[PDB]
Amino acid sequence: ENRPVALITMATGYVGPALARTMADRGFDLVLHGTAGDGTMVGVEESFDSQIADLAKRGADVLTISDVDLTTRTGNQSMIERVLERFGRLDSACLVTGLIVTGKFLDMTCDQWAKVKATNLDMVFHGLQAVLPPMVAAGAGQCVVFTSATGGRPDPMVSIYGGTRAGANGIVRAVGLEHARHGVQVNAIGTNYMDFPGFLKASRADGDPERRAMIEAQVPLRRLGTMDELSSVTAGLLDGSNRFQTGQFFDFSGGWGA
């Protein structure tokens, strides 16, 4: 048929898997970027193989990509070329970016500063510069850049991480408005306090019911957000249902960033 194509990076963890499932139910074809290997590999919460079988049952064709560095121009340009080759179209793109670094500002090394710029900014710059040309040509496109809820409140101990996330949102706003007249939407979603293996291990909430209660007590809604909730909101900005929002940052942290 004429199914549309969604691209989801880091799709072996975080929101990617759940987003891929519902995006398939919306009738999409999927190009998943992620980490190769099985569940025993680090950063692999749902293996590529495990998804392909389930997404096929939803009727989805899936192309997997795992040999690109998304902090560089080449890695992102090569990713989009391999999408347009397999499917000939790019309608939706969900670019998951960033890598967490915390600590005192005066304790930040030059390597931490170089890494946070590469993951929070270079990923967005080269990511958008690669997904926008195919959409501007087709006259229609939808893009969600996944930054961080700290972008709306860069706090102590999160200076260079929150600050660059604030810069990524600012870029998304400018880019979202610059290409609005071509009929493409670029929006940012910043989350925090999400219930997935990454956040659970980072906050030491894994296995400790008390520490998890303490982490939840920091959320106004007194809970951790679920991937199915995030995927639903994310898919709503990438499935063609909403076409009147661009250049905006949506906080998804249970009220923490209100």
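The numbering used is simple: start at 1 and walk along the sequence shown.
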Higher-scoring stretch by recorded Cα B factor average, 218 to 226 or 36 to 44: 36 to 44
For the higher mean C-alpha B factor in the entry, choose 3 to 11 or 249 to 257. 3 to 11
Return the residue from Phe146, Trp113, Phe87, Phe105 that has the highest Cα B-factor in the entry. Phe87
Just the C-alpha B-factor column, please: which of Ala174, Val96, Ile100, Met135 has the biggest number? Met135
How does the C-alpha B factor of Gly198 compare with the rest of the chain: lowest, middle or highest third? lowest
How does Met79 rank on Cα B-factor within its chain, lowest, middle or highest third? highest
What third of the chain does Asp91 rank in for C-alpha temperature factor, lowest, middle or highest? highest
Going by what the PDB entry lists, where does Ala140 fall on CA B-factor within its chain: lowest, middle or highest third? highest
Report the third (lowest, middle or highest) to which the CA temperature factor of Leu55 belongs, ranking only the modelled residues of the same chain. highest
